[PDB]
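Novice: Structure file final-v1.txt, compact mmCIF, C-alpha atoms, is pasted below:
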```
# COMPACT_ATOMS: atom_id res chain seq x y z
CA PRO R 294 0.00 0.00 0.00
CA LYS R 295 1.17 3.49 -0.97
CA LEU R 296 0.42 6.64 1.01
CA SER R 297 -0.37 10.11 -0.34
CA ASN R 298 3.26 11.21 0.09
CA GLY R 299 4.54 7.99 -1.51
CA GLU R 300 5.37 6.01 1.63
CA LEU R 301 5.04 2.25 1.19
CA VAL R 302 3.30 0.46 4.07
CA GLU R 303 5.71 -2.29 5.15
CA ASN R 304 3.49 -3.38 8.06
CA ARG R 305 -0.21 -2.59 8.33
CA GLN R 306 0.07 -2.23 12.13
CA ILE R 307 1.24 1.37 11.62
CA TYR R 308 -2.38 2.11 10.71
CA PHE R 309 -3.08 1.89 14.45
CA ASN R 310 -0.62 4.72 15.15
CA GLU R 311 -2.47 7.27 13.01
CA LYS R 312 -4.85 7.62 10.10
CA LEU R 313 -2.96 7.32 6.81
CA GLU R 314 -3.90 9.09 3.57
CA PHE R 315 -3.29 6.96 0.48
CA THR R 316 -2.53 7.93 -3.10
CA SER R 317 -5.04 8.01 -5.96
CA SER R 318 -5.30 4.94 -8.18
CA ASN R 319 -4.05 5.46 -11.73
CA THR R 320 -2.84 3.49 -14.74
CA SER R 321 0.18 5.64 -15.63
CA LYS R 322 3.41 4.28 -14.16
CA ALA R 323 4.21 7.68 -12.62
CA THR R 324 1.44 7.22 -10.01
CA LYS R 325 0.34 3.66 -10.74
CA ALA R 326 -1.96 2.26 -8.05
CA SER R 327 -5.13 0.21 -7.68
CA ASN R 328 -7.94 0.46 -5.15
CA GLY R 329 -8.12 -2.52 -2.82
CA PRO R 330 -11.12 -4.81 -2.41
CA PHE R 331 -12.02 -3.09 0.88
CA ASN R 332 -11.52 0.43 -0.51
CA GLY R 333 -14.70 2.50 -0.43
CA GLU R 334 -16.80 -0.39 0.87
CA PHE R 335 -17.58 0.24 4.56
CA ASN R 336 -18.21 4.00 4.65
CA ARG R 337 -21.59 3.40 6.31
CA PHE R 338 -19.86 1.14 8.84
CA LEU R 339 -17.35 3.93 9.51
CA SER R 340 -20.18 6.42 10.09
CA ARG R 341 -21.98 4.00 12.42
CA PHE R 342 -18.76 3.33 14.36
CA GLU R 343 -18.13 7.07 14.72
CA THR R 344 -21.71 7.55 15.95
CA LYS R 345 -21.23 4.75 18.49
CA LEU R 346 -17.98 6.30 19.73
CA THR R 347 -19.74 9.66 20.23
CA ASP R 348 -22.79 8.23 22.01
CA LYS R 349 -23.95 9.59 25.37
CA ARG R 350 -25.63 6.47 26.84
CA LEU R 351 -23.13 3.58 26.47
CA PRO Y 294 -2.73 -17.56 -8.85
CA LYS Y 295 -0.33 -14.69 -8.18
CA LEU Y 296 1.48 -14.04 -4.91
CA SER Y 297 1.78 -10.65 -3.21
CA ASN Y 298 5.39 -10.23 -4.39
CA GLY Y 299 4.53 -11.17 -8.00
CA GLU Y 300 5.37 -14.88 -7.94
CA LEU Y 301 2.88 -17.19 -9.66
CA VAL Y 302 1.42 -20.29 -8.02
CA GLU Y 303 2.83 -23.03 -10.26
CA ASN Y 304 1.30 -25.81 -8.14
CA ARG Y 305 -1.74 -25.52 -5.86
CA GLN Y 306 -0.12 -28.03 -3.48
CA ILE Y 307 1.76 -25.17 -1.79
CA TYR Y 308 -1.58 -24.06 -0.32
CA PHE Y 309 -1.39 -27.10 1.97
CA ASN Y 310 2.14 -26.29 3.16
CA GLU Y 311 1.49 -22.78 4.48
CA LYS Y 312 -0.77 -19.74 4.25
CA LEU Y 313 -0.07 -17.28 1.43
CA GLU Y 314 -1.10 -13.67 0.83
CA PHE Y 315 -2.00 -12.57 -2.70
CA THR Y 316 -1.79 -9.15 -4.33
CA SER Y 317 -4.79 -7.02 -5.28
CA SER Y 318 -6.43 -7.05 -8.70
CA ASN Y 319 -5.23 -4.60 -11.35
CA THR Y 320 -6.31 -3.86 -14.92
CA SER Y 321 -2.97 -2.94 -16.53
CA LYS Y 322 -1.23 -5.87 -18.21
CA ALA Y 323 2.04 -5.18 -16.36
CA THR Y 324 0.51 -6.36 -13.05
CA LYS Y 325 -2.84 -7.71 -14.23
CA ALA Y 326 -4.89 -9.63 -11.67
CA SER Y 327 -8.52 -10.47 -10.96
CA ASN Y 328 -10.72 -11.92 -8.24
CA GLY Y 329 -11.24 -15.67 -8.10
CA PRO Y 330 -14.49 -17.56 -8.58
CA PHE Y 331 -15.18 -17.30 -4.82
CA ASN Y 332 -13.23 -14.37 -3.35
CA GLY Y 333 -14.12 -12.80 -0.01
CA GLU Y 334 -17.61 -14.28 0.24
CA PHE Y 335 -17.32 -16.97 2.95
CA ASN Y 336 -15.02 -16.37 5.92
CA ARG Y 337 -17.43 -16.43 8.89
CA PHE Y 338 -17.28 -20.20 8.40
CA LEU Y 339 -13.52 -19.82 8.84
CA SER Y 340 -14.17 -17.84 12.04
CA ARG Y 341 -16.33 -20.57 13.57
CA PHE Y 342 -13.82 -23.16 12.32
CA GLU Y 343 -11.03 -21.41 14.23
CA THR Y 344 -13.27 -21.08 17.28
CA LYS Y 345 -13.93 -24.83 17.20
CA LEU Y 346 -10.23 -25.61 16.73
CA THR Y 347 -9.07 -23.43 19.63
CA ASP Y 348 -11.62 -24.85 22.09
CA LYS Y 349 -10.04 -26.80 24.96
CA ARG Y 350 -13.16 -28.59 26.25
CA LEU Y 351 -13.22 -30.87 23.16
CA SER N 177 -27.91 -17.62 50.65
CA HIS N 178 -27.08 -16.37 47.16
CA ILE N 179 -29.69 -14.96 44.76
CA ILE N 180 -29.34 -12.83 41.62
CA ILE N 181 -32.39 -11.01 40.24
CA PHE N 182 -32.76 -9.83 36.63
CA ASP N 183 -35.69 -7.49 37.22
CA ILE N 184 -36.71 -4.97 34.57
CA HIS N 185 -39.57 -3.06 36.27
CA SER N 186 -37.52 -2.42 39.45
CA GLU N 187 -40.57 -3.34 41.56
CA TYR N 188 -38.79 -5.63 44.03
CA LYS N 189 -36.35 -3.03 45.42
CA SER N 190 -38.71 -1.94 48.20
CA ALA N 191 -39.34 -5.64 48.90
CA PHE N 192 -35.63 -6.18 49.68
CA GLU N 193 -34.72 -2.99 51.57
CA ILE N 194 -35.12 -2.72 55.34
CA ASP N 195 -33.76 -0.36 57.99
CA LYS N 196 -29.97 -0.11 58.04
CA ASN N 197 -29.80 -0.70 61.82
CA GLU N 198 -30.64 -4.38 61.21
CA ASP N 199 -27.29 -4.95 59.41
CA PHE N 200 -28.91 -6.27 56.22
CA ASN N 201 -26.61 -5.18 53.41
CA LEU N 202 -27.92 -5.10 49.84
CA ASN N 203 -26.10 -5.09 46.50
CA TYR N 204 -28.54 -2.99 44.46
CA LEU N 205 -26.49 -2.27 41.33
CA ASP N 206 -27.17 0.52 38.83
CA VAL N 207 -26.05 -0.71 35.40
CA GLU N 208 -26.09 2.85 34.06
CA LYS N 209 -22.60 3.14 35.62
CA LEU N 210 -21.70 -0.53 36.06
CA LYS N 211 -18.54 -0.26 33.89
CA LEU N 212 -18.77 -3.39 31.77
CA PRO N 213 -15.52 -3.74 29.78
CA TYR N 214 -15.95 -3.98 26.02
CA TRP N 215 -12.85 -6.19 25.62
CA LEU N 216 -14.53 -9.22 27.25
CA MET N 217 -16.77 -9.76 24.21
CA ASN N 218 -16.41 -12.54 21.63
CA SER N 219 -16.94 -12.56 17.86
CA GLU N 220 -20.74 -12.49 17.69
CA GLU N 221 -21.12 -10.02 20.56
CA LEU N 222 -18.61 -7.58 19.05
CA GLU N 223 -20.08 -7.80 15.55
CA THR N 224 -23.57 -7.23 16.97
CA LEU N 225 -22.37 -4.28 19.05
CA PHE N 226 -20.65 -2.55 16.12
CA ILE N 227 -21.91 -3.99 12.82
CA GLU N 228 -25.61 -4.03 11.95
CA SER N 229 -27.66 -6.44 9.84
CA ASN N 230 -28.20 -3.73 7.20
CA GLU N 231 -24.71 -4.24 5.78
CA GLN N 232 -24.38 -7.20 3.40
CA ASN N 233 -20.55 -7.28 3.43
CA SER N 234 -20.18 -8.42 7.04
```
Could you rewrite the structure in this file as structure tokens?

Specialist:
Amino acid sequence: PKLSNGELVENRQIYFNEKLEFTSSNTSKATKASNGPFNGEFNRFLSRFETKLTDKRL
Amino acid sequence: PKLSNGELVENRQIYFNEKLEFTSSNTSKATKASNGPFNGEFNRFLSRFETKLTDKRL
Amino acid sequence: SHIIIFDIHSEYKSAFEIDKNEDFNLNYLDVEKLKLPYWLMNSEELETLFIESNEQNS
């Protein structure tokens, strides 16, 4: 996985340290990348998780 | 099948030796890849399988 | 004697509370601030707490 600045993710555990911004998928070799199977798939789950974290009853 | 590092699965027998991680699908012919016939559609069965395997009362 | 009561109408509280001079301690617990850890949950409990049945990519 490639970040926005071009950093290659050697270990995914670094995702726990902070939120990482990835590069845009493209076909040209200058910025060649491809969206993963989980990319743009659980946005509703992310919103629900954020709502749960900000609840005032749990 | 293609490995994460680009190696191709010459023989499926290696699946029995150890677990392997595969790269994501891409459209360009340089690193072309695609999802399998059954990709990412049954893994809760794997979850209950692992739960059964790790039980110590059986 | 050891009894646990899972009451939901909270009717029985007055039936199990006498004067404090009789040395009859009670363990009336308010679950609003019972501090149940969320790291004691298993697969199904966690996925029910966070994920909902609306999503089809569970």

Novice: Taking all C-alpha atoms matched one to one in order, superimpose chain Y on chain R and note the resulting RMSD in Å.

Specialist: 1.0 Å

Novice: Output as a ChimeraX atom specification the set of chain R residues within 12 Å of chain N, with distances taken over all atoms listed in the file.

Specialist: /R:330-331,334-346,349-351

Novice: Keeping only C-alpha atoms, take the residues you just selected and write them out as a PDB file, in the coordinates of the input.

Specialist:
```
ATOM      1  CA  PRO R 330     -11.120  -4.810  -2.410  1.00  0.00           C
ATOM      2  CA  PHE R 331     -12.020  -3.090   0.880  1.00  0.00           C
ATOM      3  CA  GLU R 334     -16.800  -0.390   0.870  1.00  0.00           C
ATOM      4  CA  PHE R 335     -17.580   0.240   4.560  1.00  0.00           C
ATOM      5  CA  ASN R 336     -18.210   4.000   4.650  1.00  0.00           C
ATOM      6  CA  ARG R 337     -21.590   3.400   6.310  1.00  0.00           C
ATOM      7  CA  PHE R 338     -19.860   1.140   8.840  1.00  0.00           C
ATOM      8  CA  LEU R 339     -17.350   3.930   9.510  1.00  0.00           C
ATOM      9  CA  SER R 340     -20.180   6.420  10.090  1.00  0.00           C
ATOM     10  CA  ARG R 341     -21.980   4.000  12.420  1.00  0.00           C
ATOM     11  CA  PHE R 342     -18.760   3.330  14.360  1.00  0.00           C
ATOM     12  CA  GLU R 343     -18.130   7.070  14.720  1.00  0.00           C
ATOM     13  CA  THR R 344     -21.710   7.550  15.950  1.00  0.00           C
ATOM     14  CA  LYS R 345     -21.230   4.750  18.490  1.00  0.00           C
ATOM     15  CA  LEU R 346     -17.980   6.300  19.730  1.00  0.00           C
ATOM     16  CA  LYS R 349     -23.950   9.590  25.370  1.00  0.00           C
ATOM     17  CA  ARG R 350     -25.630   6.470  26.840  1.00  0.00           C
ATOM     18  CA  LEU R 351     -23.130   3.580  26.470  1.00  0.00           C
TER      19      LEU R 351
END
```

Novice: Give as a VMD selection string every residue of chain R that touches chain Y within 12 Å, counting all atoms listed in the file.

Specialist: chain R and resid 294 318 to 322 325 to 332

Novice: Set the distance at 12 Å and use all atoms listed in the file: which residues neighbour residue Y:300 once local chain neighbours fewer than 2 positions away are removed? I'd like the list as a VMD selection string.

Specialist: chain Y and resid 294 to 298 302 to 304 313 to 316 324

Novice: Selected residues, C-alpha atoms, written as a short mmCIF file (atom, residue, chain, number, x, y, z; two decimals), keeping the file's coordinate frame, please.

Specialist:
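Okay, result34.cif is ready:
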```
data_model
loop_
_atom_site.label_atom_id
_atom_site.label_comp_id
_atom_site.auth_asym_id
_atom_site.auth_seq_id
_atom_site.Cartn_x
_atom_site.Cartn_y
_atom_site.Cartn_z
CA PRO Y 294 -2.73 -17.56 -8.85
CA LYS Y 295 -0.33 -14.69 -8.18
CA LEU Y 296 1.48 -14.04 -4.91
CA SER Y 297 1.78 -10.65 -3.21
CA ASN Y 298 5.39 -10.23 -4.39
CA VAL Y 302 1.42 -20.29 -8.02
CA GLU Y 303 2.83 -23.03 -10.26
CA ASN Y 304 1.30 -25.81 -8.14
CA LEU Y 313 -0.07 -17.28 1.43
CA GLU Y 314 -1.10 -13.67 0.83
CA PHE Y 315 -2.00 -12.57 -2.70
CA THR Y 316 -1.79 -9.15 -4.33
CA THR Y 324 0.51 -6.36 -13.05
#
```

Novice: Would you mind reading off the distance between atom CA of residue R:309 and atom CA of residue N:218, one decimal, in Å?

Specialist: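 Pair atom CA of residue R:309 / atom CA of residue N:218 returns 20.9 Å.
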
Novice: Mind giving me the straight-line distance from atom CA of residue N:203 to atom CA of residue N:221 in Å, one decimal?

Specialist: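 Calculated distance between atom CA of residue N:203 and atom CA of residue N:221 is 26.9 Å.
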
Novice: Have a look at atom CA of residue N:190 and atom CA of residue N:205 and let me know their distance in Å, one decimal.

Specialist: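 We find that atom CA of residue N:190 and atom CA of residue N:205 lie 14.0 Å from each other.
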
Novice: Padding 5 Å on each side, edges along x, y and z: where is the centre of the box around the listed atoms of stretch 211-228 of chain N, and how long are its edges in Å to one decimal? Output it as AutoDock Vina command-line options.

Specialist:
```
--center_x -19.2 --center_y -6.4 --center_z 22.9 --size_x 22.8 --size_y 22.3 --size_z 31.9
```

Novice: Please list, as a list in words, the residues that have an atom at most 10 Å away from (-32.8, 1.0, 39.8) in the coordinates of this file, counting only C-alpha atoms.

Specialist: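 Residues with an atom at most 10 Å from (-32.8, 1.0, 39.8): residues 183, 184, 185, 186, 187, 188, 189, 204, 205, 206, 207 and 208 of chain N.
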
Novice: Return stretch 205-220 of chain N, completed with N, CA, C and O atoms, as a JSON list (two decimals), in the frame of the given file.

Specialist:
```json
[["chain", "number", "residue", "atom", "x", "y", "z"],
["N", 205, "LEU", "N", -27.45, -2.79, 42.29],
["N", 205, "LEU", "CA", -26.49, -2.27, 41.33],
["N", 205, "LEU", "C", -27.20, -1.48, 40.24],
["N", 205, "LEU", "O", -28.21, -1.94, 39.70],
["N", 206, "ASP", "N", -26.67, -0.31, 39.92],
["N", 206, "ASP", "CA", -27.17, 0.52, 38.83],
["N", 206, "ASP", "C", -26.28, 0.30, 37.61],
["N", 206, "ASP", "O", -25.13, 0.73, 37.59],
["N", 207, "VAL", "N", -26.83, -0.37, 36.59],
["N", 207, "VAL", "CA", -26.05, -0.71, 35.40],
["N", 207, "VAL", "C", -25.78, 0.49, 34.52],
["N", 207, "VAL", "O", -24.97, 0.40, 33.59],
["N", 208, "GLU", "N", -26.41, 1.64, 34.80],
["N", 208, "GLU", "CA", -26.09, 2.85, 34.06],
["N", 208, "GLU", "C", -24.62, 3.23, 34.21],
["N", 208, "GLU", "O", -24.02, 3.80, 33.29],
["N", 209, "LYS", "N", -24.01, 2.91, 35.36],
["N", 209, "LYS", "CA", -22.60, 3.14, 35.62],
["N", 209, "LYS", "C", -21.95, 1.89, 36.20],
["N", 209, "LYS", "O", -21.22, 1.93, 37.19],
["N", 210, "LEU", "N", -22.23, 0.74, 35.59],
["N", 210, "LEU", "CA", -21.70, -0.53, 36.06],
["N", 210, "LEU", "C", -20.32, -0.85, 35.50],
["N", 210, "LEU", "O", -19.65, -1.74, 36.03],
["N", 211, "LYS", "N", -19.88, -0.14, 34.46],
["N", 211, "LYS", "CA", -18.54, -0.26, 33.89],
["N", 211, "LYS", "C", -18.26, -1.70, 33.42],
["N", 211, "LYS", "O", -17.39, -2.40, 33.95],
["N", 212, "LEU", "N", -19.03, -2.12, 32.42],
["N", 212, "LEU", "CA", -18.77, -3.39, 31.77],
["N", 212, "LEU", "C", -17.70, -3.21, 30.70],
["N", 212, "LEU", "O", -17.91, -2.45, 29.75],
["N", 213, "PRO", "N", -16.54, -3.86, 30.82],
["N", 213, "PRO", "CA", -15.52, -3.74, 29.78],
["N", 213, "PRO", "C", -16.02, -4.26, 28.44],
["N", 213, "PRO", "O", -16.76, -5.24, 28.37],
["N", 214, "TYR", "N", -15.60, -3.59, 27.37],
["N", 214, "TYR", "CA", -15.95, -3.98, 26.02],
["N", 214, "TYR", "C", -14.94, -4.94, 25.40],
["N", 214, "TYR", "O", -15.15, -5.39, 24.27],
["N", 215, "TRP", "N", -13.87, -5.27, 26.11],
["N", 215, "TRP", "CA", -12.85, -6.19, 25.62],
["N", 215, "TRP", "C", -13.06, -7.61, 26.13],
["N", 215, "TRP", "O", -12.22, -8.48, 25.88],
["N", 216, "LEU", "N", -14.16, -7.87, 26.84],
["N", 216, "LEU", "CA", -14.53, -9.22, 27.25],
["N", 216, "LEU", "C", -15.47, -9.90, 26.27],
["N", 216, "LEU", "O", -15.90, -11.03, 26.53],
["N", 217, "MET", "N", -15.81, -9.24, 25.17],
["N", 217, "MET", "CA", -16.77, -9.76, 24.21],
["N", 217, "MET", "C", -16.09, -10.70, 23.21],
["N", 217, "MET", "O", -14.88, -10.60, 22.97],
["N", 218, "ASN", "N", -16.88, -11.60, 22.64],
["N", 218, "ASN", "CA", -16.41, -12.54, 21.63],
["N", 218, "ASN", "C", -16.83, -12.05, 20.25],
["N", 218, "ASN", "O", -17.28, -10.92, 20.07],
["N", 219, "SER", "N", -16.68, -12.93, 19.25],
["N", 219, "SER", "CA", -16.94, -12.56, 17.86],
["N", 219, "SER", "C", -18.36, -12.03, 17.67],
["N", 219, "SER", "O", -18.56, -10.87, 17.27],
["N", 220, "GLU", "N", -19.36, -12.86, 17.97],
["N", 220, "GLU", "CA", -20.74, -12.49, 17.69],
["N", 220, "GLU", "C", -21.15, -11.25, 18.48],
["N", 220, "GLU", "O", -21.82, -10.36, 17.94]]
```
